[PDB]
Amino acid sequence: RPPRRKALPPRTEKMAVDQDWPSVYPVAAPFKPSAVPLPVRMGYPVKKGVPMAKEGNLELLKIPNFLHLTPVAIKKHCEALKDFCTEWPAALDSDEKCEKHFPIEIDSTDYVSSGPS
Amino acid sequence: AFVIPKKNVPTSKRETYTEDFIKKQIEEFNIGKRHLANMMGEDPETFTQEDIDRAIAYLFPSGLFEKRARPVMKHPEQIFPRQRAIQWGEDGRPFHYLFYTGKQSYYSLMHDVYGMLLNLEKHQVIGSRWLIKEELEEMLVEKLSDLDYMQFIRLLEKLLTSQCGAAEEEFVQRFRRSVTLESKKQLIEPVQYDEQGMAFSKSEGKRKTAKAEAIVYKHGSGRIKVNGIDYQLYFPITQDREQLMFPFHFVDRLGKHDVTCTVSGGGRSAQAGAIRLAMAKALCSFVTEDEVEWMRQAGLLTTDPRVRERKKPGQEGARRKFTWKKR
Amino acid sequence: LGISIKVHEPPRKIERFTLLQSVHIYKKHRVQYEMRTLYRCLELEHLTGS
Amino acid sequence: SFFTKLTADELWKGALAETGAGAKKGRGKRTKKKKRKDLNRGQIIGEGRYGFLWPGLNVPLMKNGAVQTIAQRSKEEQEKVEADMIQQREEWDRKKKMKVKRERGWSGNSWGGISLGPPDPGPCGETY
Amino acid sequence: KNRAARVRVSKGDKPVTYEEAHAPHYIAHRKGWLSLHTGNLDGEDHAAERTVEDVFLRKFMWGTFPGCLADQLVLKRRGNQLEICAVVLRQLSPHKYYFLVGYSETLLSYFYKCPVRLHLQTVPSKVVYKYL
Amino acid sequence: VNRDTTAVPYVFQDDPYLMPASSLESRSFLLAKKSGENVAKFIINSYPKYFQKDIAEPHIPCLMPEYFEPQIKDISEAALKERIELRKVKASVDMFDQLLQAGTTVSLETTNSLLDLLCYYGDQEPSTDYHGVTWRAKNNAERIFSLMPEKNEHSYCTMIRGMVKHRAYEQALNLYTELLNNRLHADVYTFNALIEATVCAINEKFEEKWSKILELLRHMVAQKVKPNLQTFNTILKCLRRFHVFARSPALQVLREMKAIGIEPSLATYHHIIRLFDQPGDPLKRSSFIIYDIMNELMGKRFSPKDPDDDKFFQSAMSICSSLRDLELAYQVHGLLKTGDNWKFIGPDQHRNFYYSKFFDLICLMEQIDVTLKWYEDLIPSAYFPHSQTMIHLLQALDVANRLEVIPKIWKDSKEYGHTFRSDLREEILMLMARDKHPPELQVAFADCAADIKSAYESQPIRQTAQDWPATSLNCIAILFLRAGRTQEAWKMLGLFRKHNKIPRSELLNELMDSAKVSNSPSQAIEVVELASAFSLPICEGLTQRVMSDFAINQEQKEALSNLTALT
Amino acid sequence: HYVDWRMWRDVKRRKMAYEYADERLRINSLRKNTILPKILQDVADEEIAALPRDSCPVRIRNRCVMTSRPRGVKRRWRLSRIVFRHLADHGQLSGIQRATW
Amino acid sequence: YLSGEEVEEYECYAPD
Amino acid sequence: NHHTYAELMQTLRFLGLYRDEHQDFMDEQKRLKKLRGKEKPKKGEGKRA
RNA sequence: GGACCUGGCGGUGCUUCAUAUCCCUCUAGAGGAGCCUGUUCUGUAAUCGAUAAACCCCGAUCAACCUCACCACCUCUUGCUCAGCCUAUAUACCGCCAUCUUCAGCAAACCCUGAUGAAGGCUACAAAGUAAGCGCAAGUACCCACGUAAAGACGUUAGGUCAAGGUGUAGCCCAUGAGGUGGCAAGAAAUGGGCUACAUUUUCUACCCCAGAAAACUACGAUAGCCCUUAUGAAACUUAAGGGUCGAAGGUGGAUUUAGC
Ligand SMILES: [K+]
Ligand SMILES: [K+]
Ligand SMILES: [K+]
Ligand SMILES: [K+]
Ligand SMILES: [K+]
Ligand SMILES: [K+]
Ligand SMILES: [Mg+2]
Ligand SMILES: [Mg+2]
Ligand SMILES: [Mg+2]
Ligand SMILES: [Mg+2]
Ligand SMILES: [Mg+2]
Ligand SMILES: [Mg+2]
Ligand SMILES: [Mg+2]
Ligand SMILES: [Mg+2]
Ligand SMILES: [Mg+2]
Ligand SMILES: [Mg+2]
Ligand SMILES: [Mg+2]
Ligand SMILES: [Mg+2]
Ligand SMILES: [Mg+2]
Ligand SMILES: [Mg+2]
Ligand SMILES: [Mg+2]
Ligand SMILES: [Mg+2]
Ligand SMILES: [Mg+2]
Ligand SMILES: [Mg+2]
Ligand SMILES: [Mg+2]
Ligand SMILES: [Mg+2]
Ligand SMILES: [Mg+2]
Ligand SMILES: [Mg+2]
Ligand SMILES: [Mg+2]
């Protein structure tokens, strides 16, 4: 019988407490216990018991986490998105001034849903 | 030798957390605390537990109604049930001289209280309550019977009746909780002034689905406007007008204030009730403190909690059942 | 990004409906389900198309 | 229909009928009893009737230092794989049928005199 | 007595996961949903199609990773992306998991005409919440 | 965002059980995933009716089944063109013969489009999912070409390019003569192939080959044909054989590109780099060729122009290691990090070779504090290290007198698939046991030596009889003594006799000092008993030490007398 | 491979009803006004009555798509009450929970 | 019971 | 499209890439019924002839 | 046969009880009329299931065709399906439930007493019980900590459902399978539930509560009958809505009985 495969240690043990976290979760991704260096627990505990640990925790997998949208990341993201924006006319200070120069208002709605269509 | 089915699997047992385990759980929480602070771009040194709970709620948003089922990152002391560490050392000798009672913490407390009662002899209500049994079961970190709790309370009462000194008073207060004695005294709305300088107060009231907002003027002639209409034109039913009279009449102030109120929702009676409550609360700004307590005791400042009960499936109404078919 | 934003929470909507509990008969015994739709409204003003 | 199919656990729980008014009071007796069989036991992921050889799933990924390509066992060699699985199935059934008997007690139907082995080891590493 | 999705008490020897241990009335109270999409929100369409797809994906993954799934699937839809998050065991060789991930992601992307990704978390054994 | 250094590449499953733990698994895990994709595509294309329901809006053309079969079954020209687009060499030939026998006219443009297909694949079928010279002497391409009624310039060009592609260099030059006899003009792509054939047709001295090529280039100027990048890149690629003779001629090609206006690509410098990097002393010339090539390429973003553009960085790093120039290696790596230049590193084999030569040069010529920053940034994030780089790293720690990191290198070595490498475990043990250290370090070395000992005991070679090198046993034993785990050291002495491995003199002397501390005469005799078995000269002198140092019981004295009898 | 023969008949009715929808719509328009002559509307009555019976949309039945149950179906999910509950009670229907109030 | 009633390790990183 | 789903998964089972526990269960019940003599008759060769 | 234990039972003792409940007491009903609807019975060539509590506007949040599983006639045979079967068996089952439950108990691991008998295990100024699991409880949802939901174990009724689907066993395979056409789905009756009434606290109109008329054989009272329109549909004496006509029983209902804090 050949030796069975050993799982490596979680790479959270190699993470420094002063790292650039946005590089770990750059985009929306499911919760990964081996990559999130937090002793977070979730689950209604049993009597005289603790909430279940993160490893194999389906409740933490069910959450739409915001690990990819930390305040540090959002601020870095928007610094790169400033080059894409344009400046609102300063003359249009109030709604009454907009109505004077732009008397027509056009309303349209876009709908974002999840699915193939 | 022979094989019999085994009693059980050792994993199928109550989990005991050795002191070494808690020691390493605290090292993980301190490292994770600095990671979480780095994630949010905050100073790791001044990162508090309130910031942790805020950061965990943002990063792991859970709408589960039971908060105990939501993501949590707390200090192990708070998380793990604080079952006392092994109550003996390596040599097997228990640390506490009352170990073999099985209730060393409870009986150590009874022993200390009984000893104080002895020393006093040799020498010789509304504000707070006694702690509940579940609060004693946490100070001691043991399970208690109901009669165990009573005996301890009977022993503390026996200690107050004595000429207890300062040392015997700090001890009893450890088991007296600060009862939530927020007074029943009604909160008085501030007195505002309009453009013309006329003093008035404003309050709100709810009855069933009706919601009212009333402005009671400090001085007036007894005029009441409901949605811009005279109260007797808005409320042609004599009972609805009596409800508007009730607050002012009870404090002897008919013909002394002007009221302009707005009410929406509900029926005619519910709207009269909502206006009654709104006017009474606003009127409390212009009466003496004793008069405000009399209005409270007359039922003029309490929101009526009686609302329609939902219909249940399988029965005709909220309480009425379908006819039990003839057998 | 320098955009003026206001936020408020419109009232939630709860859609409830009733279903039979048993596969067969026992009409008076039902199971009721609901879908809760909660809302948040971000209102941005005075921004260009880009 | 694919959507009307259930799992093996659901299928065996129904077919075996171990929970029920028959099994509550032993109202039903079992000279002939449905016996649970694990049908995933000798099954290899990647093996199918067509005899395809998927590199990295049921055959080695690399052969002679080169990545293998999709291949299909010929009818003759596929026929021998199926036959070998049938024999392995009846062989597995035969081995299970064989069991070592235990010496009787004072009489064939009596419990008296039968050995139960040593007492179980105590919690504190105690042994008997 | 209610039966729906209730692991009934035994003799204290049946290991159950967190999901299996919670009856339906605890859904949204102690346990979340196993699929998240917009079809069941007020004013949203295509709930029927999203539901059929979920039933297929659960059966497809059960038979595609036979004996490997250690818990129910978590299905996430964002835009036209479909994310399948599964907790699996550590018995199959890693080569077979990569083959099945590449195979399943490709086949499901062509079947439902959307980019499909499979996220696997391995556990040494089924995580036990309690012994009923 | 930047690269996550604690993670393996994004293509792998981010899970401790599924993450690759070695360079071998890094390659094989991706091949298994690609195999799964191929199996799905094979199924999708074999059973397309299951995958034809399109619920996507907007339509996704790339998620529909592919149809590789011709759908026109009529015999006509417009049906042949379909089989040519699908690249059906046999079907297109058969359809062309039948169409010809019937006497219908087949256009010239279509006849050429048929040659381009045959001449490219050589009358062979391209690879599919599932159902020397290669210019076959009996080939449809030449036959159709001969039977062809009217032949234009393009017809010859596709025949000449196909011959050279399949190594029919001699035939292609003969065909280039007819093209000229027929008053035709070839294109640059034909000339590119003829330059390749001129060099590979026959083996001759450089001067002869260099005179023919210059004749092709002058012919290309007579025919008003302008050379492209591949024209000059083929000259430099073909001059690799001549090495020293072609060094200055090759530099004449580069200077010509600059003047004409063609821009040298990464391949143009890869070929020059390989030509000048001949076995020998590179300092004479290779030094200033690479220094000038990098000053030119400094801060330039590159675009793909030649198929050999993904080989420059591997070649350039190979010289930086040879020259042992770390400043140049940083410039080469700096070029790889500017813009999107990182995509020119090459396949996985080229990526691992580049980083092996790059890191091995850092460990050698760089400070250890910076070396350990690259070790964290590159491994495993950029590549998985070979066992020889783990050794090159230990040699760097030794030179820096930082041996407290050895236990970490062993932990990492196991995580990279080097648990059972003999050269590595011996290297680690020898450094740890080379000299004595403070008690804190010595204890750490004994926890690592214990873990190494476990590796020797549980090897996958356990199928074979366990093999313990002599140095490993001596080092592991010495490390236990110096740590105070004397019980573990005494047990190991049996393994010297079981495997018949000579004990080291230092180990025997340290055992005596551990006995005199414990005042155990039997153990001291057990030491003299061991050295006596191997007939070591120190034993006879050691027996004298044991007598004086330890009280000798009558049984022990007779035991020594028995060994004295052997003496 | 449909659940049963009854689901298969409805599948065919939905396919034939879709194929004749435009033709039936156009003929019906002639019958659903007081503008055209009765002589023309009487002919249109006969024409739509002669179309295949399974082209008529009132014969389509909303059956459970997984069990073919003809009643107790929730239109939004196209599932019978039993099948819907099975999925809902296992937390497999996004956003659906037991209702208490 | 008398019939019989019979119903009859090391781990490595980067194994092979 | 119940045809697509049933036919696709049936094809994937024959290719060895999908394990149909239900079908495996039915195949074992059908196998043991032959050994018990309860085999399906040939069309036209039913018990009534 | 003797002694004892447990259970069951007693036309057995005493004691305290039920809180919208066992009885009285409170309010509105059912039981009488018409009508609607279920069931039974009868009828018919013409389904099935539920059917004391715990069936009876129940499976159906629903039958003109379809649905449909029924009847008659005709037609097909490797059959939408690597067939099919709403064929028998819920007394083989899973699944989902009724019921006590408007309950508080259930099942393990140990320990101790009875001489190591069947058995038993509580006393708080305490005398052998105890560390855990399930239910209750807690917590959660709704407007609170109240209430209402939800929850409610084990077990009881071989309770209900093979016709949701799946499935064990047995049976059919030119037929017990599949398809088409047309058709049944009624009332001599009995009975359950509901609706509308019998009126003056009413009827009609205006208004939404300060009005004017009506008020007994032209009043109250049909959502019934008949006739005609319209809506839906391919199809309507048939289903629904509206109008016209008609103006019946009914004059507040015995025993008995339902619901509500
Ligand atoms: K008795
Ligand atoms: K009545
Ligand atoms: K049952
Ligand atoms: K069934
Ligand atoms: K059956
Ligand atoms: K009635
Ligand atoms: Mg009512
Ligand atoms: Mg119930
Ligand atoms: Mg016998
Ligand atoms: Mg219909
Ligand atoms: Mg009646
Ligand atoms: Mg009936
Ligand atoms: Mg019946
Ligand atoms: Mg029955
Ligand atoms: Mg009954
Ligand atoms: Mg019909
Ligand atoms: Mg019909
Ligand atoms: Mg039939
Ligand atoms: Mg039953
Ligand atoms: Mg609440
Ligand atoms: Mg409550
Ligand atoms: Mg309830
Ligand atoms: Mg409760
Ligand atoms: Mg029965
Ligand atoms: Mg059936
Ligand atoms: Mg038939
Ligand atoms: Mg009248
Ligand atoms: Mg009428
Ligand atoms: Mg009409």
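Throughout, a chain's letter reflects where its sequence line sits, starting with A, and its residues are numbered from 1.
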What's the closest nucleotide to the [X] side chain, out of [options]?
{"X": "B:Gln151", "options": "J:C125, J:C94, J:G260", "result": "J:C125"}
{"X": "D:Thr4", "options": "J:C134, J:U140, J:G165", "result": "J:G165"}
{"X": "G:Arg6", "options": "J:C93, J:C97, J:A69", "result": "J:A69"}
{"X": "D:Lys34", "options": "J:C210, J:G168, J:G84", "result": "J:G168"}
{"X": "D:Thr19", "options": "J:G166, J:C94, J:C134", "result": "J:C94"}
{"X": "I:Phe25", "options": "J:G168, J:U67, J:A141", "result": "J:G168"}
{"X": "I:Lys43", "options": "J:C82, J:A150, J:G79", "result": "J:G79"}
{"X": "B:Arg319", "options": "J:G147, J:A149, J:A151", "result": "J:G147"}
{"X": "E:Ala4", "options": "J:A132, J:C97, J:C125", "result": "J:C97"}
{"X": "D:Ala15", "options": "J:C97, J:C82, J:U167", "result": "J:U167"}

When you measure from the side-chain N and O atoms of [X] to the phosphate of [N], is any distance below 4.0 Å, counting only OP1 and OP2?
{"X": "C:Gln21", "N": "J:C96", "result": "no"}
{"X": "D:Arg30", "N": "J:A92", "result": "no"}
{"X": "D:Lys5", "N": "J:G166", "result": "no"}
{"X": "G:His1", "N": "J:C82", "result": "yes"}
{"X": "B:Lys321", "N": "J:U102", "result": "no"}
{"X": "I:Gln29", "N": "J:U169", "result": "yes"}
{"X": "G:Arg9", "N": "J:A69", "result": "yes"}
{"X": "B:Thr323", "N": "J:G194", "result": "yes"}

Ring-on-base stacking J:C80 with G:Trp8 (under 5.5 Å, under 30°) |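 One would call G:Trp8 stacked on the J:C80 base.
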Between G:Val73 and G:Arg81, is any pair of side-chain heavy atoms under 4.5 Å apart?
->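 The answer is no, as the side chains (C-beta and beyond) never meet within the 4.5 Å cut-off.
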Assess the pair G:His90 and G:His86: is the distance between their ring centroids shorter than 6.0 Å?
-> yes
Between G:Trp8 and G:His1, is the ring centre distance below 6.0 Å?
->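 Aromatic pair excluded; centres sit 6.0 Å or further apart.
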Report yes or no: is the cationic atom of I:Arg13 (NZ for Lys, CZ for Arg) closer than 6.0 Å to the six-membered ring centre of I:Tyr18, at no more than 45° off its axis?
-> no
Contacts of I:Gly46 and D:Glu10 projected onto RNA chain J by closest heavy atom; the upstream (5') one is D:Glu10
Closer to the 5' end of RNA chain J via nearest nucleotide, is it D:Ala17 or B:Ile237?
-> D:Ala17
Please classify the nucleic acid contact of [X] as base, sugar-phosphate, or nothing, using heavy-atom distances under 4.0 Å.
{"X": "D:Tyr50", "value": "base"}
{"X": "B:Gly102", "value": "nothing"}
{"X": "I:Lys47", "value": "sugar-phosphate"}
{"X": "E:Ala5", "value": "sugar-phosphate"}

With both distances under 3.5 Å as the test, what is the Watson-Crick or G-U wobble partner of [N]?
{"N": "J:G180", "value": "J:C73"}
{"N": "J:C5", "value": "none"}
{"N": "J:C208", "value": "none"}
{"N": "J:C56", "value": "none"}
{"N": "J:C198", "value": "J:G253"}
{"N": "J:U191", "value": "J:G38"}
{"N": "J:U245", "value": "J:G225"}
{"N": "J:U19", "value": "none"}

Tell me if [M] and [N] are paired here, counting Watson-Crick or G-U wobble when both donor-acceptor distances sit under 3.5 Å.
{"N": "J:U167", "M": "J:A137", "result": "no"}
{"N": "J:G133", "M": "J:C106", "result": "yes"}
{"N": "J:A248", "M": "J:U203", "result": "no"}
{"N": "J:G155", "M": "J:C100", "result": "yes"}
{"N": "J:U238", "M": "J:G260", "result": "no"}
{"N": "J:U87", "M": "J:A170", "result": "yes"}
{"N": "J:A219", "M": "J:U148", "result": "no"}
{"N": "J:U113", "M": "J:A88", "result": "no"}

Hey, does the side chain of B:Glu142 reach the backbone of B:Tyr106 with a donor-acceptor pair shorter than 3.5 angstrom?
->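 Yes.
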For the side chain of B:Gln104 and the backbone of B:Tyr107, is there at least one donor-acceptor N/O pair under 3.5 Å apart?
-> no
Please tabulate, one pair per line, each protein N/O and nucleotide N/O from nucleotides 153-157 of chain J that are separated by under 3.5 Å, including the distance.
| from | atom 1 | to | atom 2 | distance (Å) |
| --- | --- | --- | --- | --- |
| J:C154 | OP1 | E:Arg8 | NE | 2.9 |
| J:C154 | OP2 | E:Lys1 | NZ | 3.1 |
| J:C154 | OP2 | E:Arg8 | NH2 | 3.0 |
| J:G155 | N7 | E:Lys1 | NZ | 2.9 |
| J:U157 | OP1 | D:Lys25 | NZ | 3.1 |

Starting at the 5' end of nucleotides 52-64 of chain J, put B wherever the base has a protein heavy atom under 4.0 Å, S where only the sugar-phosphate does, and a dash everywhere else.
-> -SSSBSBBBBSS-
Just checking, any donor-acceptor pair under 3.5 angstrom between side chains of G:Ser68 and G:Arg6?
-> no
Just wondering, are more than 12 heavy atoms of other shown residues or ligands nearer than 6.0 Å to OH in D:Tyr50?
-> yes
Between atom [atom1] in [X] and atom [atom2] in [N], what is the gap in whole Å?
{"X": "A:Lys47", "N": "J:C134", "atom1": "NZ", "atom2": "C1'", "answer": "8 Å"}
{"X": "G:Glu46", "N": "J:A235", "atom1": "CD", "atom2": "P", "answer": "13 Å"}
{"X": "E:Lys130", "N": "J:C134", "atom1": "NZ", "atom2": "P", "answer": "4 Å"}
{"X": "I:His3", "N": "J:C82", "atom1": "NE2", "atom2": "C1'", "answer": "14 Å"}

Considering only nitrogen or oxygen atoms on both sides, find all protein atoms under 3.5 Å from nucleotides 230-234 of chain J and state each distance.
| from | atom 1 | to | atom 2 | distance (Å) |
| --- | --- | --- | --- | --- |
| J:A234 | OP1 | G:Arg24 | NH2 | 2.5 |
| J:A234 | OP2 | G:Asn28 | ND2 | 3.4 |
| J:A234 | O4' | G:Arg24 | NH2 | 3.0 |
| J:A234 | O3' | G:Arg31 | NH2 | 3.2 |

Spatial distance of atom CG (G:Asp42) from atom CD (G:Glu47) [nearest 0.5 Å] |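 Reported to 0.5 Å precision, the distance equals 11.5 Å.
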Just curious, J:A231 north or south if you read off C1'-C2'-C3'-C4'?
-> north
State whether G:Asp10 and G:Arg61 are salt-bridged, where the test is any N-O pair (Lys NZ or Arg NE/NH1/NH2 against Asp/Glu carboxylate O) under 4.0 Å.
-> no
